[PDB]
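Just the one chain here, laid out as C-alpha cells, in the form deposited in one PDB entry.
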C-alpha cells in the first residue's frame, strides 16, 4: 500500500553491497530481481489493471529513495517508469489496456532503445522497412539504449529511411525484448552509472506486428509540434532525472555524515577537540543541507505541477506544457548543481582516510557526473532564461 516503505526496505537490503556493486560494474542481477519481486515495477500502472495507481509525487519519492541507496538503480528504475506512460501518450486504448495488464500481471521490466537526442532522423542507425501486412522490420544497432538488457518489454524507435511516402517517419513500437533478432549487448562501461545497462542493442530483421506499433507513423514528432499529450515525454523524463540526482546527493550527504560521526579526526593543530565540533565542518554540512533544501522543495512543486498537467489529459494547452517544462528545466539545473557540489564537497569533511576504495565514497560524484551529461544543463538554464525574459517556451522534443 505505501510504496515508499517498500522502496526503503530494498534500499536497506542493498546498502550492504553498494560498494561492491559500484566496484564490480555489470548487471545488478540480484537487485533487479528484488525490484521485480517487490511489485514496484507496476507503480504507475493504474490499479484497475493490477498496478499501484500511484500519483507522480509518490512515484518520484520512490525513485529518490532508491537513488539514495544506489544511483544506478534509481536511474534504471526511474527510466523504466517513463516507458509505459508512452503507451497511453501515443498508443491506442486497446494497447493501453493490454500492455498495462501484462506489465502489472507479469512484473515486467521495460527497456528502451528509442530516441537519438542529437542526430538527424535520417542518420539514426535503426531503420524500419514497411511490411506487406502493415508492420515493419527493424535492422541496425542503437548505440545508447537504456535498460534494454534485462528488460521484458522493449520500446524501440525505427526510422523509415527508404523511398516510400513515410520516408523519415519515426515508428514507435513496444516489443518483447526476447523476440528473435533483438540482441542487447553487455558492453556498457562508464566512470559511473555502472549498473544502468546503457550499452548497445542490435536489431537483425526484427518483426514488429501492426498491433505492436504505437500510434501513426511519426506520432511522437507530431505530438511535439502541437504540444499534445505525447509532448509530456521530456518533462516527465527530466524531472525523474533531476530526482535521481537529488537522491544521489542525499546518499552522499548521509554517507559523509555517518563517517564524520564515526571515523573522522579533529584537526588538532587548530585545537579542535572532536571532528563533529569543527566550526568549518559544521558550516559545510549547513551549506550542503541548505542547497538540498532549496533544490528538493523545487522538485516537489514541479511534481505537483506535473500531476495537475497529467490530470488534464488531452485538454492540456501548449502553455500548460511550456510552463511545466520551464519549471522542470529549473529543477534539473538546481539538482545537477547541488548534486555535483555535495558529492565532491563532502570529501572536505571526510578527510584523507576516506579516500580508501573500501568506502567507495567517489561513487556518488561519479554517478551524478556521468548522467548529468545526458543532456547539457547550459540549455536547461537558457530555456528558463528565454522564458523569464521573452516569455518563450522550449520547442518540444526528446530533451525539452
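If you superpose the two forms and keep the largest set of C-alpha atoms that fall within 1.5 Å, you have the rigid core. Numbering follows the first chain given and starts at 1.
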{"query": "Selected stretch [higher average CA B-factor]: 9 to 17 or 375 to 383", "finding": "9 to 17"}
{"query": "Average Cα temperature factor in the PDB entry - higher stretch of 45 to 53, 351 to 359", "finding": "45 to 53"}
{"query": "Of the residues 270, 282, 223, 249, the one carrying the largest Cα B-factor as recorded", "finding": "223"}
{"query": "Candidate residues 328, 169, 76, 232, the one whose C-alpha B factor the record puts highest", "finding": "169"}
{"query": "Modelled-residue ranking by C-alpha temperature factor, third containing residue 262", "finding": "lowest"}
{"query": "Third assignment of residue 98 from its chain's C-alpha B-factors", "finding": "middle"}
{"query": "Chain-wide C-alpha B factor ranking for residue 144, given as lowest, middle or highest third", "finding": "highest"}
{"query": "Third of the chain's Cα B-factor distribution that residue 85 belongs to, per the entry", "finding": "highest"}
{"query": "Residue 192, C-alpha B-factor rank within chain (lowest, middle or highest third)", "finding": "lowest"}
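Just so you know, the form deposited in another entry exists too; it's not on screen, but the next bit is about it.
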{"property": "Identity of the moved residue from 198, 115, 260, 238, C-alpha shift 2 angstroms or more, core fit between this form and the one not shown", "result": "115"}
{"property": "Core-aligned C-alpha movement of residue 161 between this form and the one not shown reaching 2 Å", "result": "no"}
{"property": "In the other entry, shift in Cα separation for residue 224 relative to residue 122, 3 Å or more", "result": "closer"}
{"property": "Relative Cα spacing, residue 120 and residue 368, in the other entry - shift of 3 Å or more", "result": "closer"}
